[PDB]
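Presented below is the structure to which this report refers.
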Amino acid sequence: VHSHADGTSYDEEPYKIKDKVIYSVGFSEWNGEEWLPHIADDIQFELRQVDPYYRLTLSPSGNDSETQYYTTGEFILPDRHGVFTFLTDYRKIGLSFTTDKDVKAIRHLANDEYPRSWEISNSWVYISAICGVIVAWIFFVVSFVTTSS
Amino acid sequence: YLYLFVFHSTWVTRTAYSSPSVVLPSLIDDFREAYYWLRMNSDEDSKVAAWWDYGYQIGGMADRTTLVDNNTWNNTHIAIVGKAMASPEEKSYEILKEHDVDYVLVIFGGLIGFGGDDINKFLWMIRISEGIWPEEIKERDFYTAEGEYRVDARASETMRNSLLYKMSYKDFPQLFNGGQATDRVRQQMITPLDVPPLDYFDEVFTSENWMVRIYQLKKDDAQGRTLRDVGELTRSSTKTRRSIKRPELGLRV
Amino acid sequence: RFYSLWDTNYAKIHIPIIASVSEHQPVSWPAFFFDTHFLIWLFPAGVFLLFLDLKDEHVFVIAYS
Amino acid sequence: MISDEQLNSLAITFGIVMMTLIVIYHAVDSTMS
Amino acid sequence: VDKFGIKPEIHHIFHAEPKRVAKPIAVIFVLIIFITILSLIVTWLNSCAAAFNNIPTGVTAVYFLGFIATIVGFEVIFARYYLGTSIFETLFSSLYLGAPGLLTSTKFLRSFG
Amino acid sequence: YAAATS
Amino acid sequence: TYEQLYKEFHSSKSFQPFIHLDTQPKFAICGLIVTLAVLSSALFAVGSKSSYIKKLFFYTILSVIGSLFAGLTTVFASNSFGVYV
Amino acid sequence: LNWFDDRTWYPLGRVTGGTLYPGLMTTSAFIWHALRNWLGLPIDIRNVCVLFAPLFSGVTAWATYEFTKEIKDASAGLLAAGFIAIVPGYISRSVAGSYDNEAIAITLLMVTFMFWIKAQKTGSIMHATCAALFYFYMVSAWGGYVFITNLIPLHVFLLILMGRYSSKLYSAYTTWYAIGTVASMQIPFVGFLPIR
Amino acid sequence: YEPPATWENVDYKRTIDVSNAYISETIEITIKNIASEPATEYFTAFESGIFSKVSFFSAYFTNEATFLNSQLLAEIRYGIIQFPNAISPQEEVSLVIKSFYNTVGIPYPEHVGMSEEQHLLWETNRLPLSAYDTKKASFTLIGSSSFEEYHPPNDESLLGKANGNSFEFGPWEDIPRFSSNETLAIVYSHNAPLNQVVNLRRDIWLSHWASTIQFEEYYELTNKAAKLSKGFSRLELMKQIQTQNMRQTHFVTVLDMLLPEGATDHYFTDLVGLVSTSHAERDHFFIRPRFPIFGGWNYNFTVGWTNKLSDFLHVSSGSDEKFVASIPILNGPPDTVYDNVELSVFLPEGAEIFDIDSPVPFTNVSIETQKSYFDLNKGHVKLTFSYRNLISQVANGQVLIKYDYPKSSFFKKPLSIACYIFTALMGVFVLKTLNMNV
Ligand SMILES: *[C@@H]1O[C@H](CO)[C@@H](O[C@@H]2O[C@H](CO)[C@@H](O[C@@H]3O[C@H](CO[C@H]4O[C@H](CO)[C@@H](O)[C@H](O)[C@@H]4O)[C@@H](O)[C@H](O[C@H]4O[C@H](CO)[C@@H](O)[C@H](O)[C@@H]4O[C@H]4O[C@H](CO)[C@@H](O)[C@H](O)[C@@H]4O[C@H]4O[C@H](CO)[C@@H](O)[C@H](O)[C@@H]4O)[C@@H]3O)[C@H](O)[C@H]2NC(C)=O)[C@H](O)[C@H]1NC(C)=O
Ligand SMILES: CCCCC/C=C/C/C=C\CCCCCCCC(=O)O[C@H](COC(=O)CCCCCCCCCCCCCCC)COP(=O)([O-])OCC[N+](C)(C)C
Ligand SMILES: CCCCC/C=C\C/C=C\CCCCCCCC(=O)O[C@H](COC(=O)CCCCCCCCCCCCCCC)COP(=O)([O-])OCC[N+](C)(C)C
Ligand SMILES: CCCCC/C=C\C/C=C\CCCCCCCC(=O)O[C@H](COC(=O)CCCCCCCCCCCCCCC)COP(=O)([O-])OCC[N+](C)(C)C
Ligand SMILES: CCCCC/C=C\C/C=C\CCCCCCCC(=O)O[C@H](COC(=O)CCCCCCCCCCCCCCC)COP(=O)([O-])OCC[N+](C)(C)C
Ligand SMILES: *C(=O)c1ccc(-c2c3ccc(=[N+](C)C)cc-3oc3cc(N(C)C)ccc23)c(C(=O)[O-])c1
Ligand SMILES: *[C@@H]1O[C@H](CO)[C@@H](O[C@@H]2O[C@H](CO)[C@@H](O)[C@H](O)[C@H]2NC(C)=O)[C@H](O)[C@H]1NC(C)=O
Ligand SMILES: *[C@@H]1O[C@H](CO)[C@@H](O[C@@H]2O[C@H](CO)[C@@H](O)[C@H](O)[C@H]2NC(C)=O)[C@H](O)[C@H]1NC(C)=O
Ligand SMILES: *[C@@H]1O[C@H](CO)[C@@H](O)[C@H](O)[C@H]1NC(C)=O
Ligand SMILES: [Mn+2]
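Residue numbers (PDB author numbering), protein chains in the order written: chain A, 270 to 418; chain B, 458 to 483, 492 to 718; chain C, 328 to 392; chain D, 1 to 33; chain E, 170 to 282; chain F, 2 to 7; chain G, 2 to 86; chain H, 67 to 262; chain I, 25 to 98, 111 to 474.
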């Protein structure tokens, strides 16, 4: 499972560049009698386009009765946009091979998601110029229709 | 002259500029038939790898993911597809697998005589790939030793072993009775031995007039051996092995 | 593409994808008839007639043509 | 629906009607002005 | 020894957010621009003569107020647009304001001239 | 004439 | 009740059309003409320059007649082109 | 306007917002909305897309009529409109079914040129503003707007060399340039190309 | 919930027919009244999975020609039959119970080649499952050329003999009630496409102004036959066709739809365009899909035609403005199984529905309004019946609708179009007499 860092899902909010997401996955072993938790430290997670953009070692965080869960802590999605695969490939010798994949689309930033003008100081200067011109134009029009020649 | 203008304009409009593209007048409905098959009998997330010319149409009608489209913003990607189609099946398989491709679509006009088939657009693919990778796809190898572009029994060994050639002329000679078929855009005879077997791809669809042909990448062997070996096993007739000879394999890590 | 309109041989030399599309090729004389019958001979005339009496509108049309 | 031949006839009929009306307009305009 | 051992970790390297100027400099320049606007508004009323002699009187005053109300009101719309309202609301508000304004402004201009 | 390879 | 409704349906007379579909195309080619004439007169009643009240009177009555004729024409033409209304 | 399609160029994807011209689609969508919500007839979107070019062919004929009516007379305008209506050269890229950018683009070109000539000979700010707005529409519709961007200046330049400068020219050109350029930098595809 | 009132099955004869794309059952039971109190009802027993998909349930008297009241009661689930007259304390009654189910057997070898015939596997209870003690029984499988049993039991009594094309299971003579510990898996031959329509959407548009009733059906079809082993080869298909392989096949090449008499303006399209291979004959509309539908393939298409309103709409006698309409429920290919049907009758804007009736039970009825090409007021009245399991030829009922369409509402459509044109013309008038010159 992969989700936003705040618990929001992917369907409620599709992923966007430079977002913070969490990946978790659980494992279990068969002793031949009961399923038990698999404590392994070599498991890794890869966010790939065609080549790994993120390779992160999963850390144990939260054990069930028969399974143990692993997680990559919050990480920031790349600034490159595209269709990225969320991959957990556990391939140890002697053990069963387990592969999990999930192709998701990481959008670019929309037009309304950039910082507004009133939050950048350089923009403060330019907004001031625009306002001074609009106000002076209104005063000009009133005076051009009032003042006789 | 004005009345002549009206007549000439109407005739020109009727004869030349009013032809649809999805349906060739005879009706030949191969394009839509193949695209609808791909839309109805394929997985919604599957990816189709064809030439750029037919990208938009697929997206509109097949409604499936495409590697390249008519808009050509990225030329390295188109070069990758061109390399994937002008190289031996092993290389094509590796490249296409690296991009999660499920199906490959080719246009073949040998039966009808379309003329807009992929084999009449192969020399362009070879050029574009040649630009990016000058040492692997060489245009001077798809010609004969005399400089001729042949698809006959006198084709280059590099031509006969390319993906596009082996995927377009498959099961073609066995169609025309007698054991020899005749093309109708290049006007050359293809015999059953001019076409080597495809060991990495399966045919899943072939339109009614053999104009669109859809192949599917086959999953790699469970035992982890090259698919050419699986093939040469399933083909080679049963016979006693030559002998038991120590294999030259190297050092186990 | 705009440079290619002046350096006619440029496309093939560098951009190999612009010189494969049929759309960007020169045209033989028949096509200027198949598309504008009768008008094609009568157009060069209209340009001269607009040139004998220059006005600003006519300067526009001449440059366009 | 309307057949192809009938469509051709309609196209040519509209074109001829258009050209004759334009010629009549030019004739009246030139004579009267 | 391919794909048999643990693999080195990869971490994406990000770019830098562009540097914004310190607020004191921006405040200084905003003050300069404000002073320039004030100097213009006073140059009109002082050195130059914006006479304000021919203020309209009679029924024409009503049309004058309507004209000024269209002139300021389109600007109010554009400011209500800069601050978040949608293009469709900004396109219907403009139509509503424009139609009576197109009548009253033309009427003021016809009477006065 | 269309956006296609010749 | 299925039995009651079924008996009522079978022991009843079949639908009879107001204007048969076959004849509706001719009615359209006639209605169009009338609308064209009346509307054209209405369009030529905004230049009379006789009296604003007279212009309003003429325009309103001509427009009303033209509107009724145009509505009928639209229904007949729709039905005759295969888009039934 | 903020659409990322992940079903084209599969590994990379395509940001359509800044790689598409949004004016043909916007016009078709507006016609669709108008027909189904106001006039009351809900035609399909495939039918509107198919019959888009035939509809604007008449608009192009009228625009040609006015543009010619600005160079000689109204009779020559009628002849020009008749010629353009059925001329095979225009018909080739505007047959019912053809839905590329040219369908509406070559209509806007004539409209823009009409307003420019009306603005240059008369000398009016309103017609130059109308020309600027239609030039914006062309910038938003087709990618061959650059032709206008280089034909309107050229005309003006020639008028300077032949000694025919006036004040009507100053007024018309400066108003067209200012409004048109500031408005054609609002399409995401164009960006800051007009100044660099 | 064993039924308290009791009966005794003197003879229980069961015949299952497998010659179609569905299962039809006919149970001929003679019941005696164990209880001394007069009994009036009988309960039939179904399993859970079989009761989930039972399309048609009927019961009738062997001697009489009348259909006894029969319902499905909603883990041996039950159906209740109701006798017209009270049955005496000790007396015998003979019924023929007929059921049609929406299940067919799965192919025993899942993958077969284009030419090979298909064998299907069906699993059912061999021993009579009933709520009343049974003193004699039989089970006979008919309708297929070859019947064999998968994993036959050891016991000789639990075995089948073949007479002609039947597979009789032999007369047992002592059966406890509620005894279902036996399972029978039988493989039978089949050489026909198993046509399943996942969803059908029927639109029936009534127009008073033009006396035409228009039908438009959207089909989502799938063949449930054996999947193609080794993939699809055009070469093999063409070789079959050229050698005049006119035998039976398990793939769909042509579909023969049966339409109401007098149909006109036929059309057959799909989501990609108009298919051209569509021959319309006399009351038959032959349709050829773009690609032959093999085992496990999906094809979604739309067919449509037009008829005359005089054939479906009748006028009430007491009032000239009340109408009764009888509309068919299914007009599809000869042998097909439907899994969901949504029948929508669109009525003119004025109509006000007054009475509704359906011969087969429905899963939902809804009334709403949907706009149309010249709907400038509210829209056509849309009455929607949702149904679940329907069979091609069993479900031949006709929906009956009674609605009121007054003459005031007939003339309002021209008036609304006229009001729109009138307002436009008044707007032009205002725009023309309002000077805005500075
Ligand atoms: C059009 O389509 C084409 C094809 O479809 C697209 O082209 C592809 O683009 C890819 C990325 O843009 C590119 O992949 C990169 O290639 C680089 C060069 O590869 C060649 O050289 C290397 C040796 O240098 C060979 O090993 C290789 O086989 C080639 O011969 C690689 O260097 C790139 O690797 C880096 O990125 C990948 C993916 O993130 C990582 O897995 C890898 O480990 C490298 O990561 C380093 O850099 C990233 C930032 O990019 C860091 O985040 C990371 O931590 C690493 O940083 C260390 O190293 C850097 C220096 O590299 C150092 O500064 C830093 O401090 C750290 O020390 C990657 O493999 C494809 O090759 C290319 N394909 C083709 C056919 O051209 C094209 O994009 C499309 N056009 C578009 C989209 O507009
Ligand atoms: C914002 C205002 C716009 C200005 C317009 C003015 C206002 C009045 C409104 C419309 C009046 C006429 C509109 C009818 C056109 C629809 C016909 C259609 O679409 O027909 C198409 C195809 O055509 C035809 O068959 C013949 C083509 C003839 C069309 C005539 C063209 C005249 C008008 C051209 C432009 C019209 C603009 C509308 C779309 C942009 C429907 O084919 P189909 O396969 O869907 O169904 C086919 C039927 N089966 C279901 C059985 C398969
Ligand atoms: C006498 C006074 C008259 C005033 C002057 C009027 C006209 C001047 C014309 C120039 C306009 C310049 C740019 C306008 C941007 C509008 C888009 C928009 O609005 O999209 C914007 C941004 O998308 C874009 O950049 C899109 C690029 C422009 C695309 C335009 C569509 C092309 C079609 C052209 C013709 C359409 C005709 C249709 C039928 C005929 C988002 O808007 P929002 O909803 O997030 O707004 C919220 C308010 N924020 C701004 C504070 C967040
Ligand atoms: C303002 C001046 C306008 C002047 C117009 C002049 C000439 C028009 C000439 C030809 C256009 C029609 C020719 C094609 C006919 C077949 C189209 C077709 O077959 O397509 C139709 C849809 O298309 C249309 O809506 C065509 C609209 C026809 C309009 C006819 C013209 C008279 C009205 C003029 C405008 C009045 C506006 C008043 C507003 C208050 C396919 O519908 P469907 O797939 O749902 O099939 C139906 C299946 N159910 C019914 C079961 C769902
Ligand atoms: C500035 C204005 C623009 C000037 C003109 C613009 C465009 C027109 C030019 C070309 C259009 C090409 C015609 C192709 C149409 C194909 C369909 C076809 O031809 O249908 C023909 C029918 O024809 C006709 O009976 C013509 C009907 C006569 C109509 C009278 C004039 C039309 C009035 C329209 C506007 C009225 C509104 C008034 C107020 C707004 C065959 O159809 P079907 O056998 O499938 O009928 C289906 C089977 N039933 C018969 C059972 C339904
Ligand atoms: C663009 O590359 C191009 C446009 C039009 C034509 C063309 C025809 C194309 C398809 C046709 N059908 C399948 C009906 C017919 C065509 O007729 C033509 C006739 C001429 N003449 C009379 C000189 C010219 C072109 C076409 C082509 C093409 O195939 O040549 C190409
Ligand atoms: C064509 O109809 C089929 C049959 O209903 C549709 O198949 C269903 O598709 C959805 C989503 O893809 C799946 O969840 C269902 O399981 C499918 N049902 C079956 C029986 O396979 C199919 O989606 C339709 N195709 C189109 C293009 O509309
Ligand atoms: C039967 O009626 C309809 C059948 O469509 C269903 O109820 C409606 O379902 C639609 C489907 O989107 C919802 O939008 C509505 O809110 C539902 N209610 C109404 C009143 O329309 C449902 O299947 C059944 N409703 C019942 C039994 O009340
Ligand atoms: C989980 O917690 C630890 C392992 O981390 C250990 O007590 C046991 O395996 C688990 N205990 C419970 C209560 O789940
Ligand atoms: Mn284009």
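Note that the Cβ used here is the ideal one computed from N, Cα and C, for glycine as well.
Could you tell me if the beta carbon of residue 358 of chain C falls within a distance shorter than 6 angstroms of some heavy atom in ligand 6? Counting from 1 along the third sequence, the entry for residue 358 of chain C is found at position 31. No, the beta carbon of residue 358 of chain C sits no closer than 6 angstroms to any heavy atom of ligand 6.
Hey, is residue 118 of chain H close to ligand 3, as in C-beta under 6 angstroms from one of its heavy atoms? Against the eighth sequence, residue 118 of chain H aligns to sequence position 52. Checking every heavy atom of ligand 3 against the Cβ of residue 118 of chain H, none is found closer than 6 angstroms.
Among B:483, B:478, B:469 and B:621, which has the Cα closest to the Cα of residue 674 of chain B? To locate residue 674 of chain B, count along the second sequence from 1; it is residue 209. Of B:483, B:478, B:469 and B:621, the residue nearest in Cα terms is B:483.
For residue 473 of chain I, count neighbouring Cβ atoms within 10 angstroms of its own Cβ and tell me buried if that reaches 16, exposed if not. Stepping through the ninth sequence from its first residue, residue 473 of chain I is reached at position 437. It is exposed - the Cβ of residue 473 of chain I has fewer than 16 other Cβ atoms within 10 Å.
Just the C-alpha distance for residue 355 of chain A and residue 341 of chain A, rounded to the nearest angstrom, thanks. Taking the first sequence and counting its residues from 1, the one referred to as residue 355 of chain A is at position 86. Taking the first sequence and counting its residues from 1, the one referred to as residue 341 of chain A is at position 72. Distance between the alpha carbons of residue 355 of chain A and residue 341 of chain A: 12 angstroms.
Ignoring anything shorter than 3 residues, give me the beta strand (DSSP E) runs that lie fully in the region 315 to 348 of chain A, in order along the chain. 321 to 326, 328 to 332 and 337 to 345
Environment of residue 450 of chain I [buried if 16+ CB atoms lie within 10 Å]: Residue numbering aside, residue 450 of chain I sits at position 414 when the ninth sequence is read from its first letter. Its Cβ being crowded by 16 or more others within 10 Å, residue 450 of chain I is buried.
Since residue 627 of chain B sits in a beta bridge, which residues does DSSP pair it with? Indexing the second sequence from 1 puts residue 627 of chain B at position 162. Note: residue 627 of chain B sits in a beta bridge opposite B:553.
Residue 243 of chain I CB to nearest heavy atom of ligand 4 below 6 angstroms: Position 207 of the ninth sequence holds residue 243 of chain I. No, the beta carbon of residue 243 of chain I sits no closer than 6 angstroms to any heavy atom of ligand 4.
Any C-beta of chain B under 7 angstroms from that of residue 158 of chain H: In the eighth sequence, the residue the question calls residue 158 of chain H occupies position 92. So, interface residue.
Contacting residues, own chain, Cβ-Cβ under 7 angstroms from residue 431 of chain I (five flanking each side not counted): As a first step, residue 431 of chain I must be located in the ninth sequence, where it is residue number 395. Only 365, 366 and 396 meet the Cβ criterion.
Closer than 8 angstroms by C-beta to residue 200 of chain H: which residues in its own chain qualify, once you throw out the five before and the five after it? Chain order, please. Within the eighth sequence, residue 200 of chain H is the residue found at index 134, counting from 1. Closer than 8 angstroms at Cβ, skipping near neighbours: 174, 177, 178 and 181.
Residues that DSSP places opposite residue 575 of chain B in a beta bridge: On the second sequence, residue 575 of chain B is found 110 positions in, with the first residue counted as 1. None; residue 575 of chain B has no bridge partner.
Please tell me whether residue 189 of chain E has its Cβ less than 7 angstroms away from any Cβ of chain A. Counting from 1 along the fifth sequence, the entry for residue 189 of chain E is found at position 20. Residue 189 of chain E counts as touching chain A.
Say yes only if the C-beta of residue 75 of chain G is nearer than 6 angstroms to one or more non-hydrogen atoms of ligand 4, and no if none qualify. Start at 1 with the first residue of the seventh sequence, and residue 75 of chain G comes out as number 74. Within the cutoff, so yes.
I'd like the span of the beta strand (DSSP E) that includes residue 403 of chain I, first residue to last. Position 367 of the ninth sequence, counted from the start, is the residue given in the question as residue 403 of chain I. Here the beta strand (DSSP E) through residue 403 of chain I covers 400 to 406.
Could you work out which residue in A:280, A:380 and A:361 is closest to residue 173 of chain E when comparing CA atoms only? By 1-based counting over the fifth sequence, the position of residue 173 of chain E is 4. Taking only the C-alpha atoms, the option nearest residue 173 of chain E is A:361.
For the region 600 to 620 of chain B, which residues have a CB atom closer than 8 angstroms to at least one CB atom of chain D, in sequence order? none
Does the Cβ of residue 402 of chain A have 16 or more other Cβ atoms within 10 Å, making it buried, or fewer, making it exposed? For the purposes of this step, residue 402 of chain A is identified with residue 133 of the first sequence, where counting begins at 1. So residue 402 of chain A ends up on the exposed side.
Under 7 angstroms by beta carbon: chain F residues contacting residue 589 of chain B: The residue you call residue 589 of chain B lines up with position 124 of the second sequence. Those are 6, listed as they occur along chain F.
Is the distance from the Cβ of residue 152 of chain H to the Cβ of residue 122 of chain H below 7 angstroms? Within the eighth sequence, the letter at position 86 stands for residue 152 of chain H. Within the eighth sequence, the letter at position 56 stands for residue 122 of chain H. No; because the gap between Cβ atoms is not below 7 angstroms, this pair is not in contact.
Within this structure, are the beta carbons of residue 418 of chain I and residue 380 of chain I separated by less than 7 angstroms? Within the ninth sequence, numbered from 1, the residue matching residue 418 of chain I stands at position 382. Within the ninth sequence, numbered from 1, the residue matching residue 380 of chain I stands at position 344. A contact, by the Cβ cut-off of 7 angstroms.
Could you check whether residue 439 of chain I and residue 392 of chain I sit closer than 7 angstroms to each other, using their CB atoms as the reference points? The count along the ninth sequence starts at 1 and reaches residue 392 of chain I at position 356. The count along the ninth sequence starts at 1 and reaches residue 439 of chain I at position 403. No; because the gap between Cβ atoms is not below 7 angstroms, this pair is not in contact.
Beta-carbon gap between residue 94 of chain I and residue 83 of chain I smaller than 7 angstroms: Here residue 94 of chain I corresponds to residue number 70 of the ninth sequence, with the count starting at 1. Here residue 83 of chain I corresponds to residue number 59 of the ninth sequence, with the count starting at 1. Their beta carbons are under 7 angstroms apart, which means residue 94 of chain I touches residue 83 of chain I by this criterion.
Please confirm whether any heavy atom of ligand 3 lies closer than 6 angstroms to the CB of residue 96 of chain H. In the eighth sequence, the residue the question calls residue 96 of chain H occupies position 30. Yes - ligand 3 has a heavy atom lying nearer than 6 angstroms to the Cβ of residue 96 of chain H.
Neighbouring residues, chain I, relative to residue 645 of chain B (Cβ below 7 angstroms): The count along the second sequence starts at 1 and reaches residue 645 of chain B at position 180. Under the 7 angstroms cutoff, chain I gives no residues; its nearest Cβ is about 15 angstroms from residue 645 of chain B.
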